[PDB]
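> Model the following, please.
(chains A and B, ligands or ions: 7)
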Amino acid sequence: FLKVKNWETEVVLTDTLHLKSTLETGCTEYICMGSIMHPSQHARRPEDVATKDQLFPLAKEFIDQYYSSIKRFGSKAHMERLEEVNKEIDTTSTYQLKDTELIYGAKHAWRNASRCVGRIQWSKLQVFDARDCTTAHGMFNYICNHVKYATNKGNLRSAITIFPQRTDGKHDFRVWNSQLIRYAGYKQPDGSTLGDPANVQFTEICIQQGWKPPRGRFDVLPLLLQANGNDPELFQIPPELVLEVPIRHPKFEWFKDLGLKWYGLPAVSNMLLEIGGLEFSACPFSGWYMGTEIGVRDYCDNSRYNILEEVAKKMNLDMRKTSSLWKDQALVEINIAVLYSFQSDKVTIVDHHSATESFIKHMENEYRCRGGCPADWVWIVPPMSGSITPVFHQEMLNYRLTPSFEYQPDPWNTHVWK
Amino acid sequence: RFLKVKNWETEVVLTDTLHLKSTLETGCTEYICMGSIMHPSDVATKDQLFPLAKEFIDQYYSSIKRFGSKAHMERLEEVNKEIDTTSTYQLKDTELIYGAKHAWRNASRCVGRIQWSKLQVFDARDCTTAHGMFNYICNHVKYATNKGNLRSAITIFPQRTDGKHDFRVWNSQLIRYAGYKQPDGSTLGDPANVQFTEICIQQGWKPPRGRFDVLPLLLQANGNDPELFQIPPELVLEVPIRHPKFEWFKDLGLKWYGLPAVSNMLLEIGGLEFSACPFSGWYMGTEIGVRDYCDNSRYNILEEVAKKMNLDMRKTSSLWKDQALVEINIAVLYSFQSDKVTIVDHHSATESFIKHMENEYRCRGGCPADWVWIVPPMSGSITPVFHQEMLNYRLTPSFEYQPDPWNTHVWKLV
Ligand code: HEM
Ligand code: HEM
Ligand SMILES: C[C@H](O)[C@H](O)[C@H]1CNc2nc(N)[nH]c(=O)c2N1
Ligand SMILES: C[C@H](O)[C@H](O)[C@H]1CNc2nc(N)[nH]c(=O)c2N1
Ligand SMILES: Cc1cc(N)nc(CCCCN(C)C)c1
Ligand SMILES: Cc1cc(N)nc(CCCCN(C)C)c1
Ligand SMILES: [Zn+2]
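Numbering: from 1, shown residues only, chains lettered A, B, ... in the order given. Ligands and ions are numbered 1, 2, ... in the order given. Below you will find the coordinate block:
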């Protein structure tokens, strides 16, 4: 067993769940890689279509886990399911998840996501089964329905849409966008950047694929959808599906005149969902924002919107030296405005104080019922005001459980066009 | 083998080979990361001490471009003689200085390491009594405080022998404020120091019972019972805290001391253990303004400041805590700068650490760094270290945690 202590409350939790971890963290007894973005390349099956002795053990492990979860280990259905998966692999080199296994797998991938502060909600995930999809047009239909369901007029609901699994790696379904809704970024003639600098490369691909850019600071990017390994196709999300919040400040009347807004729905679409050896390379999932994701990182990273400049100017702060803390002061105001604006418009949002408090409660629940909760301190602690949130003083153990969400290469690095 | 770290702001990529020289354990395994654990976990035998000493001596003669020299080989034989005959050995003055500076250079949790090569080392290995320790510590405080122009320093007392004759400073820092738990459950002074304050009172200290009572030194020499000493008040530089815009901030009656001086850690050099080695630098503002003042378990002044700012404290999403936190840290920095007492803000400190880290990769092949500790406790992502990948590993000479002495000391009075 391993213990974790909270240094504010002195609560000690005892971890045994880590004994079920399967993948390497990247660390060793001599080096810790906890701050590395992608510490490990340890995967569960090789880089493409596995042989039977590579895939079946991963399948059996997950089927065993699912049937244990419902108190039916060794039951009739469990043993038939194993025989069924065996035959499927014998005749197709893969197998197909039942609807129940798919739902279980998706929820537990979220439950196992050690970087996610939002996991107290993990069992409240709506799962849309899109495994019958065959074209990029059908992918667009599924994504539109997902966006409409999840947005729900501002009462946001967590959802995931799961497209057909990888087969031989030449027929991948992929959403090329990193999120379903993101703003364009444009390389300016003088050298600067208009819009979101994170998306300049993706923006140029879209233009390179025929997208006519309106060239503004908040241009919603088109969807770039790839189905069955074919070349990707551009689609415009209907604007009535894209809920946006104008950013205003409860005290500063001039804040409105900054002309800022942001979208309500955070929807990650470039990760990979791994269940029992199966790789779902297109599995867009969405929830609701923690305010700091917009106000600290989107607006105030140097390589992003970088608006600390303007806000501090309008505030008449002394930007002559760092020790006036003008950056910190403007940072707080911007995050006040983001929360005030979303709350005013009745769009679901959580502040980092509430979110981190929820996560401590979630940790305690998971230790009580599951014997552990894998958690990545570097990612869980908010990017501002860390030490005045309870997670700062909370020791955490990070380990990798399956099913899981994984990073995957950007498809433009790997796709050979037609 | 090589390991790469990337900065996701700048895209700079650095190549770590120094990790191959790492020694003891991180706490992590191949399947669990313990990077957010506070401390993941009698005296060395002859056969244990030999290889540790050789590795250090090898390192030292390599750093002075004398590896394999006649002087290198004779030092090794000399060290081997001592261990063989006395079960320990004694460092040369040059080796002690090198070792102390490299323990700082190797401190993966320290953001202030750009200054590592400018450390004043005070050799106190001839000290035999607690009175002598007091004298050494007073001289250290005076030299390091330097009328506000602070200078980094370390004082090194005699090493462990059999573990029954340890030298120890029982204070966690040389200068700290007392904390007194009241019968009604409230705290006067610094809640972090309530327990140590109790021990001092038990030993005979007469407490003023104020909010900023400098604690007395509790000094243990040669394994004897520790003894109390009052630091001369003229040696304790303090800064009253005021705010450049809120004139009411001074009415809070806050102050802090200028000299941060850790006194409860262990310095390991070549297998030798220096259990009493107080070292001092200058503050980063957030150490006082964020943690010392605004930790729930410390002075916890967010509420009063927020009240005087007329903030809406009914809902967390008004971010009144965040707003007060910034204002307190503005006051800390403005106050020290006005009194011309050395301090560094977290933006300046993290920028310099990135410069340091890059230079260490270029000239040394790496820089062990603990991201969890390096990133400041506020405004994390608007500092450059937040976006900087880091590798953590343990190089020696090193500073280490050690048990609190009141948990292991065997008393002898009455
Ligand atoms: C319901 C409200 C949710 C909140 C408030 C939330 C919050 C967050 C935050 C703040 C991060 C840090 C990532 C960053 O800052 O860039 C994160 C990471 C993550 N979240 Fe959640 N999340 C939520 C829902 C979900 C859902 C529904 C899923 C999956 C079904 C999920 C899976 C993940 C994953 C995999 C990561 C890691 C991303 C990476 O490594 O890049 N989250 N979450
Ligand atoms: C010169 C100015 C210095 C600055 C601005 C500085 C800054 C810091 C900061 C902010 C921390 C984090 C600790 C915390 O937040 O509680 C730290 C840790 C540390 N510093 Fe430095 N430091 C300085 C000088 C030194 C010196 C002179 C030494 C040793 C000779 C040293 C050794 C350490 C060690 C060992 C730690 C780790 C302490 C622990 O693990 O609890 N520092 N430093
Ligand atoms: C549990 C957690 O590791 C602990 O609160 C750490 C986090 N990071 C820190 N970072 C610094 N500089 N100082 C600290 O005391 C801590 N505390
Ligand atoms: C290098 C460092 O690990 C990297 O910048 C991480 C730090 N912690 C983070 N935490 C969150 N939530 N999101 C991030 O993108 C990052 N970035
Ligand atoms: C579903 C969800 C909700 C939320 N509030 N945040 C996230 C993380 C977004 C960043 C993920 N990384 C790939 C960049 C996801
Ligand atoms: C020499 C020095 C200077 C400075 N500015 N900070 C420190 C860290 C003290 C923290 C110790 N921890 C156990 C809490 C040391
Ligand atoms: Zn680790």
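
> can you give me how far the strand or helix carrying residue A:311 is from the chain middle?
According to DSSP states H and E, residue A:311 maps onto helix A:308-314. From the chain centre to the centre of helix A:308-314 is a distance of 30 Å (CA atoms, centre = their mean, to the nearest Å).

> cool, stretch A:351-368 as well?
So, by CA atoms, centre = their mean, the centroid of stretch A:351-368 is 18 Å from its chain's centroid.

> and the helix holding residue A:311, does that touch chain B?
Yes - for helix A:308-314, a contact with chain B is found by CB under 8 Å from any CB of the partner chain, at residue A:308. Yep, even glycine has a C-beta here, placed from its N, CA and C like the rest.

> Which elements pack onto that helix?
Here helix A:308-314 touches helix A:326-344, going by 3 or more CB pairs under 8 Å, 6 or more residues apart in numbering or on different chains; DSSP states H and E.

> Could you pull up the contacting residues of residue A:32?
B:26-28, B:33-35, B:391-393 (CB atoms under 8 Å, 6 or more residues apart in numbering or on different chains).

> how about it, phi and psi?
Dihedral pair for residue A:32: phi -110, psi 130, per degrees, to the nearest 10.

> again with residue A:386
According to degrees, to the nearest 10, residue A:386 has phi -50, psi -50.

> likewise residue A:285?
phi -130, psi 150.

> Close to ligand 5: what parts of chain A are there?
Counting by CB under 6 Å from any ligand atom, the residues of chain A close to ligand 5 are A:266, A:268, A:285-287, A:289-290, A:293.

> For the residues you listed, which ChimeraX command selects only the ones that are buried?
Per 16 or more other CB atoms under 10 Å in any protein chain shown, the buried members of those correspond to this ChimeraX selection:
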select /A:266,268,285,286,287,289,290,293
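
> Now intersect the residues of chain A next to ligand 5 with the strands, please.
Among the residues of chain A next to ligand 5, the ones falling in strands (DSSP state E) are A:268, A:285-286, A:289-290.

> Tell me which two of those sit farthest apart.
A:285 and A:290 (15.5 Å; CB to CB).

> How many residues are close by the residue of the stretch 201-350 of chain A found nearest ligand 3?
Minimum separation of the stretch 201-350 of chain A from ligand 3 (CB to the nearest ligand atom) falls at residue A:328, amounting to 16.7 Å. Other residues near residue A:328 come to 28 when the count uses other CB atoms under 10 Å in any protein chain shown.

> same question, residue A:156
Neighbours around residue A:156, by other CB under 10 Å: 21.

> Do I have it right that residue A:204 meets residue A:187?
Yes - using CB atoms under 8 Å, residue A:204 makes contact with residue A:187 at a distance of 7.5 Å.

> Quickly list what the residue nearest the centre of chain A is bridged to.
Nearest to the geometric centre of chain A sits residue A:268, at 4.5 Å (CA atoms, centre = their mean). Beta-bridge partners for residue A:268, by DSSP bridges, are residue A:179, residue A:285.

> can you check residue A:195 too?
Residues in beta-bridge contact with residue A:195 (DSSP bridges): residue A:185.

> for it, what are its contacts?
Residue A:195 touches A:183-186, A:203, A:216-219, counting by CB under 8 Å, 6+ apart.

> Quick check: phi and psi on residue A:14?
According to degrees, to the nearest 10, residue A:14 has phi -120, psi 120.

> hang on, the earlier thing: ok, the residue nearest to the centre of chain A - contacts?
A:178-179, A:284-286.

> Going by distance to ligand 1, which of the contacts of residue A:195 wins?
Among these, and counting by CB to the nearest ligand atom, the member closest to ligand 1 is residue A:183, at 15.9 Å.

> Find the nearest non-adjacent residue to that closest one, please.
In this structure, residue A:183 finds its nearest non-sequential neighbour in residue A:196, 4.4 Å apart by CB to CB, 6 or more residues apart in numbering or on different chains.

> tally of neighbours for that neighbour?
21.

> Can you pull the phi/psi pair for it?
In this entry, residue A:196 is assigned phi and psi values of phi -100, psi 110 (degrees, to the nearest 10).

> any idea how far ligand 5 is from it?
Here residue A:196 is placed at a distance of 13 Å from ligand 5 (CB to the nearest ligand atom, to the nearest Å).

> Any residue of stretch A:368-388 touching ligand 4?
Yes - contact of stretch A:368-388 with ligand 4 (CB under 6 Å from any ligand atom) involves A:378-379.

> Format the CA atom coordinates belonging to that stretch as CSV.
As requested, the backbone C-alpha atoms of stretch A:368-388 are provided in CSV (Å, rounded to 0.1, in the frame of the first residue of the first chain):
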residue,chain,number,x,y,z
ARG,A,368,-13.3,4.7,0.1
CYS,A,369,-15.0,2.6,-2.6
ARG,A,370,-12.2,1.9,-5.2
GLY,A,371,-9.0,1.9,-3.1
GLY,A,372,-7.4,4.7,-5.1
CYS,A,373,-7.7,7.6,-7.5
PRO,A,374,-4.9,8.2,-10.0
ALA,A,375,-4.2,11.9,-10.1
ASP,A,376,-1.7,14.2,-11.8
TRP,A,377,-0.9,17.1,-9.4
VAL,A,378,0.9,19.1,-12.2
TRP,A,379,-2.4,19.2,-14.2
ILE,A,380,-5.0,19.2,-11.3
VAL,A,381,-3.7,22.3,-9.6
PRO,A,382,-5.2,25.4,-11.3
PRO,A,383,-2.9,27.7,-13.3
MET,A,384,-3.6,30.6,-10.9
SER,A,385,-3.9,30.9,-7.1
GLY,A,386,-2.7,27.4,-6.7
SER,A,387,-1.9,27.4,-3.0
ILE,A,388,-5.2,28.9,-2.0
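
> Could you see whether ligand 2 lies near that stretch?
No - on the criterion CB under 6 Å from any ligand atom, stretch A:368-388 is out of touch with ligand 2, staying 9.1 Å away.

> Which of the contacts of residue A:32 sits closest to ligand 2?
Nearest to ligand 2, judged by CB to the nearest ligand atom, of the contacts of residue A:32 is residue B:392 at 11.9 Å.

> Residue A:378 and residue A:37 touch, don't they?
No - with contact defined as CB under 8 Å, residue A:378 does not reach residue A:37; the gap is 9.9 Å.

> Tell me which of the two has more neighbours.
residue A:378 (21 against 12).

> what residues are up against the more buried one?
Contacts of residue A:378 by CB under 8 Å, 6+ apart are A:34-35, B:35-36, B:371-372.

> Tell me the first helix or strand C-terminal of the helix or strand that contains it.
Using DSSP H and E, residue A:378 sits in helix A:377-380. Sequence order places strand A:404-406 as the next helix or strand after helix A:377-380, per DSSP H and E.

> partners of that next one, with directions?
By DSSP bridges, strand A:404-406 pairs with strand A:272-275 (antiparallel).

> hmm, the partner strand in reach of ligand 1?
No - figure legend: strand A:272-275 not in contact with ligand 1 (CB under 6 Å from any ligand atom); closest approach 8.6 Å.

> which residues are in contact with whatever helix or strand comes next after that strand?
Using DSSP H and E, the next helix or strand after strand A:272-275 towards the C-terminus is strand A:278-280. Counting contacts by CB under 8 Å, 6+ apart, the residues outside strand A:278-280 that touch it are A:94-95, A:97, A:162-166, A:272-274.

> repeat that with 10 Å
A:43-45, A:48, A:55, A:58-59, A:62, A:94-97, A:101-102, A:105-106, A:109, A:130-131, A:160, A:162-167, A:169, A:172-173, A:271-274, A:403, A:405-406, A:408 (CB atoms under 10 Å, 6 or more residues apart in numbering or on different chains).
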